[PDB]
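# Architecture at a glance
Letter by letter, the chains look like this.
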Amino acid sequence: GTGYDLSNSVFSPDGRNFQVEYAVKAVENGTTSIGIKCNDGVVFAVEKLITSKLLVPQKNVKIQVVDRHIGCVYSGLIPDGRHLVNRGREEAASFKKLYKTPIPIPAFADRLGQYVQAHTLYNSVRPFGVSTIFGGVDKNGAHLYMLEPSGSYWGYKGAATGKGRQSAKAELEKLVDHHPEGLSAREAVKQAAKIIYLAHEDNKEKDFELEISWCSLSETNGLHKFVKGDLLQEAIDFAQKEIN
Amino acid sequence: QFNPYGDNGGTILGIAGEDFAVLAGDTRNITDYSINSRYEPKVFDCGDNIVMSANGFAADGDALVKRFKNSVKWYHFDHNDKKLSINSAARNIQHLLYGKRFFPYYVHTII
Amino acid sequence: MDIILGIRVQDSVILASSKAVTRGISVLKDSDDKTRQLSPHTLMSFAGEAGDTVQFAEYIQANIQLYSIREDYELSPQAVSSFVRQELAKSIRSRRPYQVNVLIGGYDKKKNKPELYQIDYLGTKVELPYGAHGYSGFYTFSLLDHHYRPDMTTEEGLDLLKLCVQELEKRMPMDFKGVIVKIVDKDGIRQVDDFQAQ
Amino acid sequence: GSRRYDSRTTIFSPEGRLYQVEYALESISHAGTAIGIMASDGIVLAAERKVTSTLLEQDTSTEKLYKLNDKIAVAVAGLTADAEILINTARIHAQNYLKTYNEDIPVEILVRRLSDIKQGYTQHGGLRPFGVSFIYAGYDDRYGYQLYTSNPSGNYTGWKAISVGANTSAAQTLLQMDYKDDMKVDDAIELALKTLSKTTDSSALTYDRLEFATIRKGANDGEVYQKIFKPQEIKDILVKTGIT
Amino acid sequence: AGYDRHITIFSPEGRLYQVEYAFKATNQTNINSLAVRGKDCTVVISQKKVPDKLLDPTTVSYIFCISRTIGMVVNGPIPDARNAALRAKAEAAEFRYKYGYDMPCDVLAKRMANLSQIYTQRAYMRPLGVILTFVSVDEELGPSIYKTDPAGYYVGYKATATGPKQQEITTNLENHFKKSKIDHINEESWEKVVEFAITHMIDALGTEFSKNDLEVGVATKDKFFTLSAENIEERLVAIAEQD
Amino acid sequence: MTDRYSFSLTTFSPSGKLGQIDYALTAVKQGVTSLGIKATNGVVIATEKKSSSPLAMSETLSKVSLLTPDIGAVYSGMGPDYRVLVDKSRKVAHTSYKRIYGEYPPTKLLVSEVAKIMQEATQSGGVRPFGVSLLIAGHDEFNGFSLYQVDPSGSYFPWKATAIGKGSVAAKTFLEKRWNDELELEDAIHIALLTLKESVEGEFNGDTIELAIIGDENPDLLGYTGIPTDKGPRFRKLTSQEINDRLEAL
Amino acid sequence: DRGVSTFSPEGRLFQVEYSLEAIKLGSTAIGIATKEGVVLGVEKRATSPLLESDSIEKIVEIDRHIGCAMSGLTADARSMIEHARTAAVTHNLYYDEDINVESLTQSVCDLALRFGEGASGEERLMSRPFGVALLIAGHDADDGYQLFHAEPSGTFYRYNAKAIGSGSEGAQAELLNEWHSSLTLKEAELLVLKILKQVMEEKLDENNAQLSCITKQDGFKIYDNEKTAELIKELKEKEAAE
Amino acid sequence: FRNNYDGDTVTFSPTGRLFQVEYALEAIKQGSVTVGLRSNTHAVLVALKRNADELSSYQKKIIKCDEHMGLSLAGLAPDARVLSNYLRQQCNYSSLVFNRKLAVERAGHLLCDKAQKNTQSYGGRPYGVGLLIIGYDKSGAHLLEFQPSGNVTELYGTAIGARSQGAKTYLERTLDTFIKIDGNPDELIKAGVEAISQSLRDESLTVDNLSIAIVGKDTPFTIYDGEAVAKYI
Amino acid sequence: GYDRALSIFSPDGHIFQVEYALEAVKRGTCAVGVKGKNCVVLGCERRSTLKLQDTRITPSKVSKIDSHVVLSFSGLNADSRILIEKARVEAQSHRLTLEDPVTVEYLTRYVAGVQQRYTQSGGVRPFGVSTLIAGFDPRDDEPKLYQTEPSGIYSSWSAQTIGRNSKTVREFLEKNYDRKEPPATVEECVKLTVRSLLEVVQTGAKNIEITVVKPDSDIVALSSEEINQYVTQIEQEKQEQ
């Protein structure tokens, strides 16, 4: 008597939800993305596979914004990630409408958490095929979160998911020990470029494109902002400088 | 008590010859004894060689025109870019106006 | 209003109904049949608001006819008049109430007795030897109090109506263009062809 | 989704039978036998209680014979809980009819309606049918004494004598053998008890195992009277017939 | 002949396998918790395991502040745990609004255990794979501990323990209440009651604890609060001097 | 979110059996023994308090519940299913009766309402039957004292005396020998305690045994004086102390 | 089991493809478009000689300028025709003109995929696709004489000539060779009769086969039995000549 | 294997695949080939049309959505009608409420979000059609590819349908050439017809077989069929 | 709530739930209708299994839909009531809005439309019923006879039978009903109806029931003795050979 993996909300005999574990496989299959928490903000970076010369550069934007202060990035099924953000965007607007103040990051994290958890309670819905790294700056500092298909989320110093999660975490844990008194917003951006290049060894057959964003109290006034032109080129050159 | 209607004045005219038609209207828009605008166009080319004007309450006029223009647009999408004949437009406008028989558009309309 | 009269005699119910349909300053019709047959032995007359009047009658008629087909049986006049009352009693507390006053004239084939029921738009039923709706009653009720006997023949009952119609024609302000008269007995419903000059 | 767990209660077999209606009829073939016999001067209803104990209170007990109207009564075969659901709607229906026409409901009209409710659970809704068969005993001024039967399919028929529940096949032949059209009620009482006594799966037929009722016109009153026999009354009539 | 183990319907034996399999889920996180009553306080202790050095330890918690007076510790996966929390918080606020007084501990438990029983009966809802332990100092009943499971069962406790290594802790406490005779910790201050609970978790699990290995929640008259790493650290100094 | 379970979960099998009802009854057999006895001047319902832990407080968990001032209930089977049924049974007594008639429902009618709720659990979409048998004891002016049993199917039977759960077979035999139509209430409690002893393996006292009666009106349990017609509840849960007294001379 | 609207590994909808097999079991229906009009013919196919043949209605008027021929589960067509007629009359109410044949067909096809079990997007309350294919023939001022074949897949093709039903594969091969741009109406009428006669199991007469046409002048007419009998009599003579 | 996990879209396979979505993708691969390509001034669609018989018409592949935007289809046409209708309304809403021509990128996000809801809910199937959306908004010429999984990519050139891998390789090799074709629409159509013929394994492209659409700086979205496309043959 | 698709297509192109609804009809008691020059006659068989029925109160197979139209059926008895009621409501509704009783064709088309609707709606199964609808149009003296089936298909017949052993009785009518010269008299038309049922039903005056509908709402069901007389005459024809 089996078939415990055919329906979503069902508990297997050992106590698991196999349909969520199958969603995790869809995430591991996806492009690698990371988050670094610094001394006054958060930095997000993501890999973008260039299948053909035909894809217009800088145009297929993956990192998304909720409100004006939160940034979101995800690995796995992109449409699912987009759907999750549409929910977050509605959720934050609703919060701002009633309490005037923009949503705190811990508050926003649970809003995603309860919503993703909800999609593991019924057989008529499919679990989310994404892990989401997200954060920002609120009333009491920077926050970084990672949300799994089960609905599990925690606060992170550094987060990684997708194809090259192994290389990323190994490099993130070295930063926590080498920089015990925090890392600066500028530094974290440059360092985020390196991690993405090092995690690209896992997908080294194809060419890729770098996309970075940051939210910082001193460098961006606590608002989410993309990295462009001279700052992005600086990060690209730094990653190239530490590869040889 | 809130009155949903107002009066923006103006006047429009429509004459048809043998191979032509004209539709005219003053450009003055008013509220009570004040002039809102000295140049506020009130006669519109709706496409398919139809000119339209709705006169009276300007907010109901603009709504009607806007709704009919959108009607022309969808007619092309639905009926293989078929030209909307003036008689068809007329019957279509009747249904727009009568569809608000119990909260009317305070306009006199001419095409 | 319209004239709506009924009288139960020994072995029949007689219904007399106004023939005129007046709207505004014009008498639009002088031959209007203000009655419906509900079943072979039950007849209903009606008066009231312009539209409600025919719509209610025809609606009641469809329901009684539906009952007859389903059951292969005819409801007693008592049962029909209870159904009518409850529809009006329902309608008076709705958004737009039927403004219709009716008379049910029926011959109960089981009991071998004629029956007359007066029911107003509120759903106020009562069984009577004689009845009237509208202003008509203000003249005919006292007239019948005097002249009516409970064992009168159908022929005596028609004479007694003529006396009511003569009084209404003399004293009532409106020209109601005479009446259509119907008999309900053991043999069903029939119309008295000549009453206008009987 | 839920498609996996749907029994499909309202579908035809390749043979053209309704699976659930069939299995419901099988369920009823296990229920205590009930008998109804219509005579010229009244109707009898006899029923056999199932799995009785000496500690079971009979005085307060009423499991097979129910009063629907002041003039209509029923014998039940099958699930008592299912039957009570229907019995209540039937009681409401008779009262609606009375409030509408100022006349007691004709027996057939009450039967057609219950039978219509049962037919519903057969054709739509995806719910299980009612596991009940009824005998109806009634009187009205149109047909006089009437006897009807209805089963889970919503089919109803009219009878001079009928049995429901267990051993109907055996019970019907015994009735067909001993029933004559010009029967007095006191004779119909005997036939009902004799038939039960023969088809019983118990050792002997006793008062504590029986429910008994009559519908008879007043021996002096001139109108219709129901009588649901009390334990002591049955014990009396069981000595009369010759069963003790 | 198979599907009676996938949704919440009876097996031939009379068992609801989905409920049984939900109990299994409660031990997934390998964390043990215990709750004890003092003279006028109630203390919850839960093991804090942060295996990843990329995590922010301050966010790793299975103890929730439901209301000003009520606190809850959860044994089970966090997404189900947070689900249960949000509901309890909502239910506690609604009670206060409707009835004008703060929801009691035993009443919140009964409520949450009723909701758990629904998922047990209706098929479209899966049970939550969590065991909820509620604590407070009730204004009528005094110090209270009430525990709800995925079966919808709930009961009051003198003291309780939950998790994989539950029985070690359970027997350890049982033996103390046969020795002390009274059914609570005979101590005036909550600080010494927290110390008792930590001492008895060490002796039952056979393992020493640091300030980051523990999570503590305290309930006093009109207040429930969770201790910081340093409050525990101060409390850990006290047990080291006693031995 | 979208409940796709609009169909029955309890259906008929080829043999005629209703699987889920039968299995529910199987769950009731595993449950702890509970019993009821009807005397001439009262009714008694009794059960064993099976504790889940010696650290748990058995006082916080009542297996015997008051439904109305004159009606009480006990069960065998699944505890949580009973708890939610008790809540609904208390509510229906108000909504479907007291709010209409200004008085409490008679025993038979409240039982009928309880049964209806359980019958619905047999037929409604997306639910399983309740896994409990109930024993409901009560009084009403026009019927006097009565005792009912309600099965998972929704069926109910009136009993002079009966037992449900684990040792019900042996306990029904023991009751048959001891019951008569001339029992006084103190006699009935005596039998109740004796019958329950055959079931209980462990400690037998007022802390492990739950016992309540439907007897005389208790004016000191009412809470107020003034209205002569209000005389007080007939339902009374015996205390641990009161049970022990009858056990010292047992 | 398996979902109703569910793709096969090949990329097709199970229900739609199975519905296409029900249509292949239907009666033959033939349409031929000419510059003088469109002709629609059907095989009646009566199951018993006691059946009153002229009560078999497989040719229906949609509007004065649009006609329809059905093949397959013909009971399924009633609500399609009802929709079609209402669409046509409704269009005339809003626009004081005749509906285009192309737009009418599109409106009928919009219904075809509205099946499922309480789905996402809009509202689709229908348990299965239609088990019937339609031949829609008509005329409008814009595109002249037109013949459309509407399928339960929701897609519709325009045809110069089309056969649907049991004899459709053999009939379409025949219609491929015969049809040319400059056929007369009478040639087309005789052509419909010629192909139906071939694919039928029974001998063709004015009772088991029905003719109809749509012209600009007289609109949509269904030929009476006496008229069709004379065209059958005329076809017999022409085949015998060569 | 595949037996169990392809019953509906709501179900994940052990490897993380949604088979119902993948089977929908297969309908596109069976569909007739179509090609998109853009420069800085203009965007172009070139589509190959399919018939049933030589007695049938060729089904239309290109749909106009607004004066500045449009799309081509490969797969189930009824689904393309449902999606194009939606995008028309979204374009309509943007003009009426905001007096704003909907940005092509946002059109893609909306189609992505609409496709997604079908891939996660019980009952509903996925869409069975691919789309190539060309536009000219406030930031120049755009080309988008839509897959019924939800994925939408902005490209210079691309192809979908049967044998479309041939056309895609041609564009990938000619990228530097056609992107500079600014202010000469004819020489961009010439590049599209040369692209689509790289996918012709079966037949020659004829006057009632070929379909072309163009949008640009001073060119509202227009479709060419019949004698209009004759010069590109 | 419940909208599960019960009637669906199978690989070979059949709706099995509709196919099985026909099997239910094949199990039902035989029904036959024949039309004459100036009448229509409906014949139906009663089951012999239980010979203790009360014919006064037992529902009969021939139901009046209106005063001029009759409906007989073969299949699930409980299902037929649903179809009959809807038809009877539509009859009264048609008299209300059109001011004219239904034509037999119209009432047939409506009943057939309901049946079809239950073959492509969610949560419902097809009607296990085929009907014979017979009567006379308002002010019309031409006889009308129609048949419907679970699929929703309908058509008119000179003579038709449905239900068990209907293959046998149809075979009889095909070689016994002359379209050129229909039965001239009512008596001549009733004889043929009884003759056909005697092919499938063993000697039974109880078993065969007949109803005769004439123009202008003249419907009368025959007594057992009257039908018995027809049987008595027919059985004496055979022995002459």
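- By the method listed in its record, X-ray crystallography, this PDB entry was determined to a resolution of 2.80 Å.

- Taking the PDB entry as the reference, chain H is identified by name as Proteasome component PRE5 belonging to Saccharomyces cerevisiae.
- The title given to this PDB entry is "Crystal structure of yeast 20S proteasome in complex with the natural product carmaphycin A".

- The name given to chain B in the PDB entry is Proteasome component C5, with Saccharomyces cerevisiae as the source organism.

### Here's the deal with the overall build of chain B
- In terms of regular secondary structure, chain B is built from 2 helices and 7 strands.
- N-terminal to C-terminal, the α/β element order of chain B is β-β-β-β-β-β-α-α-β.
- Sorting the 111 residues of chain B into buried and exposed places 34% on the buried side.
- In the form shown here, chain B has an accessible surface area of approximately 7,200 Å², with 53% of it arising from carbon and sulfur atoms.

### Focus on the overall build of chain H
- A tally of regular secondary structure across chain H gives 6 helices and 10 strands.
- Its C-alpha atoms give chain H a radius of gyration of 18 Å, within 12% of the compact-globule value 17 Å for 233 residues.
- If one aligns the C-alpha atoms of chain H with their principal axes, the spans along those axes are about 55 × 50 × 35 Å.
- The buried share of chain H, taken over its 233 residues, is 59%.
- Within chain H, contacts between residues at least 6 apart in sequence are counted, and of these 62% link residues at least 24 apart.
- Accessible surface, chain H: about 9,500 Å² in total, of which carbon and sulfur atoms supply 46%.
- The positive charge centre, built from 26 side chains, and the negative charge centre, built from 26, are 4 Å apart in chain H.

### Observations concerning the pattern of salt bridges
- Within the structure shown, the criterion is met by 80 salt bridges over all chains.
- The residue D142(G) makes a salt bridge to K82(B) at a minimum N-O spacing of 4.0 Å. With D142(G) in the loop between β5 (132–140) and β6 (144–150) and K82(B) in the loop between α1 (58–78) and α2 (86–98), this pair bridges two chains.
- You can call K82(B) buried: its relative accessible area is 16%.
- Across the pair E230(E) and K211(E) runs a salt bridge, and its minimum N-O distance is 3.0 Å.

### As for a nonpolar patch on the surface
- On the surface, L13(B), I15(B), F20(B) and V22(B) cluster together to form a nonpolar patch covering roughly 400 Å² of accessible area.
- Examined against the element boundaries, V22(B) turns out to sit in strand β2 (residues 21–25).

### Topic: the arrangement of the chains
- By contact count, the dominant pairing among the 19 pairs of chains in contact is that of chains D and I.
- Separating chain C from chain E is a minimum C-alpha gap of 35 Å, and the two share no contact.
- A gap remains between chain A and chain I, with no contact made and the closest C-alpha atoms lying 14 Å from each other.

### What to know about the interface of chain I and chain D
- Listed per partner, the contact involves 31 residues of chain I and 41 residues of chain D.
- For the pair chain I and chain D, the summed buried area comes to about 3,100 Å², and 56% of that belongs to carbon and sulfur atoms.
- When the area that chain I buries against chain D is broken down by residue, the three leading residues are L52(I), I57(I) and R81(I), summing to 24%.
- Our count for the contact surface shared by chain I and chain D stands at 2 salt bridges.
- Where chain I packs against chain D, one counts 14 residue pairs in polar contact.

### Considering the nonpolar core
- Formed by 75 residues in total, the largest nonpolar core has its most connected members in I34(A), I212(A), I66(E) and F134(E).
- No other element matches the 8 residues that helix α5 (residues 185–199) of chain A contributes to this core.

### Focus: the interface of chain E and chain A
- Taken residue by residue, the interface counts 29 residues in chain E and 32 residues in chain A.
- Buried surface at the junction of chain E and chain A, summed over both partners, amounts to about 2,700 Å²; 59% is from carbon and sulfur atoms.
- The tally of links between chain E and chain A comes to 0 salt bridges.
- The tally of links from chain E across to chain A stands at 9 residue pairs in polar contact.
- Elements represented by at least two residues in the side of chain E that touches chain A include exactly α1 (17–25) and α2 (78–99) of chain E.
- Sort the elements by how many residues they give to the side of chain E that touches chain A and α2(E) lands first, with 6 residues.

### What about the sheet that holds strand β5 (residues 71–77) of chain F?
All names here are of chain F.
- Here 5 strands make up an open sheet; going across it, the order is β4-β5-β6-β7-β8 and the pairing antiparallel. Edge positions in the open sheet fall to β4 (65–68) and β8 (156–158), since each of these has one partner strand only. Here the strands of the sheet are splayed against their neighbours by 25 degrees on average, with no regard to which way each runs.
- Pairing geometry for β5 and strand β6 (residues 132–140), over 7 bridges, is antiparallel.

### Focus on the sheet that holds β6(G)
Residue and element names in this part refer to chain G.
- Here we have 5 strands laid out as an open sheet, ordered β3-β4-β5-β6-β7, and antiparallel in their pairing. Either end of the sheet is taken by a strand with one partner, and the two such strands are β3 (59–63) and β7 (156–158). Pairs of neighbouring strands in the sheet enclose a mean axial angle of 25 degrees, with direction left out of account.
- By the bridge criterion, 4 bridges tie β3 to strand β4 (residues 66–72) in an arrangement that is antiparallel. Paired with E61 across the strands is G67, a residue of β4.

So, how was this worked out
- Residues numbered from 1 in each chain as written, not as in the entry; some residues may be left out.
- Chains lettered and ligands numbered in written order.
- Part of a larger assembly, values for the part shown.
- Heavy atoms only, no water.
- Helix = DSSP H or I, 4+ residues; strand = E, 2+ residues; numbered from the N terminus.
- Buried < 20%, exposed > 50% of the residue type's maximum accessible area, 1.4 Å probe, protein only.
- Areas by Shrake-Rupley, 256 points an atom, 1.4 Å probe, with all protein chains shown as cover.
- Rg over C-alpha atoms; globule rule 2.2 N^0.38 Å.
- Contact = heavy atoms within 4.5 Å.
- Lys, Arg positive; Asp, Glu negative; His and termini not counted.
- Charge placed at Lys NZ, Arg CZ, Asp CG, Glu CD.
- Salt bridge = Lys/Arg side-chain N within 4 Å of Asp/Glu carboxyl O.
- Patch = residues over 30% accessible without salt bridge, like charges linked within 9 Å, V, L, I, M, F, W, Y side chains within 5 Å.
- Buried area = accessible area lost by both parts, 1.4 Å probe.
- Polar contact = N/O pair within 3.5 Å; in protein donor to acceptor, adjacent residues only side chain to side chain.
- Core = buried A, V, L, I, M, F, W, Y, C linked by side-chain atoms within 4.5 Å.
- Pairing = 2+ DSSP bridges.
- Axes fitted to C-alpha atoms, helices over the stretch in contact; angles between N-to-C directions.

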